[PDB]
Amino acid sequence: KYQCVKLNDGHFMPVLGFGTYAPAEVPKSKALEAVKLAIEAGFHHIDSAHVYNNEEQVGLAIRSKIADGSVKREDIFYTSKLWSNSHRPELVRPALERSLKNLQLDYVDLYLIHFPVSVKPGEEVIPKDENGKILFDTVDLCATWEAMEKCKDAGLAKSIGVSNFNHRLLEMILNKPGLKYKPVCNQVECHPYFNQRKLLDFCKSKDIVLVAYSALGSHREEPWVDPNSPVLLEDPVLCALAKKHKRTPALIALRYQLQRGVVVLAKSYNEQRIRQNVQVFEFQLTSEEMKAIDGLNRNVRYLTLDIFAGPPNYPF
């Protein structure tokens, strides 16, 4: 057994997920090993994406752990995401089916719209013209969502959701005429420097689960993240809570999210840290500790994806 939350479609999501993105200077081999170690440690939820360029490796890890008897397929919650070169409705199912072929899995547990700004179709994930300009595309995300619904009805995705959506974009889906399935989740950046209280409450009001990424202050990969941003885990309040509990600041940051009703991702490719992170289930924070962490909020967004700024659907 392991801790899960019931989604608005009746499926269950494990509340601690393993993040699989690593910057390109990290060999893809490392993904295979790290996912195996995460499953061994007790992660039951694994987060990936077509754009991470690691589905072959992540899928092999999962297949391996199934085939050697370590875990059953029903005890792994696997998430993929629809990249922005496949927003057009007729391209949605093919992108899911391409991810599934790479993974050699029959279905994903969850399929998300990765990012709300669309780019032109083709193999290239960031298509550019001759002059370096991103080739943006104009697509009705409501149409994309109907295609996602169809994938759910096909059994290719058990659940569907969104990522990096703001209030306005969530509302566009929620108010869509003929809506079949609400998003089960909105996967967004969330940590004690950017605690997303407003958007969290909105999502709660609609029984949409907020899934936190960069919960430990991000990969900090350039140019995606400003190197001059503060380092979350050096925070002196987090460090003193850690000392107090004989834990680590990472574990404090993880535990904060679980208690506020957020599902939390954590990426690590380091064996010790992977094992550490599952200790989030071993302790609890008091109401005064939770309020101390709430106090850290400082409107610091690590991940702007500002190469996609300009189009109306840019969410920040």
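The term rigid core refers to the maximal set of C-alpha atoms that superpose within 1.5 Å between the two forms. Sequential numbering from 1, following the sequence displayed.
Larger root-mean-square CA separation from the shown form, computed after a rigid core fit of the structures in 7 other deposited structures of this protein, is seen for 123-131 when 123-131 is set against 157-165. Here the stretch with the larger average CA B-factor, out of 64-72 and 261-269, is 64-72.
For the two regions 279-287 and 244-252, the entry's Cα B-factors average higher over 244-252.
In the PDB entry, the Cα temperature factor peaks, among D106, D129, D235, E149, at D235.
Comparing C-alpha B-factors across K206, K158, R220, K81 in the deposited entry, the largest value falls on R220. Annotation for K180: C-alpha temperature factor in the highest third relative to the rest of the modelled chain, per the entry. In the deposited entry, the Cα temperature factor of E55 places it in the middle third of its chain's modelled residues. Looking at the C-alpha B-factors along this chain, the one for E124 belongs to the highest third. Residue-level temperature factors show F316 in the highest third of its chain, judged at the C-alpha atom. Sort the chain's modelled residues by C-alpha temperature factor and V92 lands in the middle third, per the entry.
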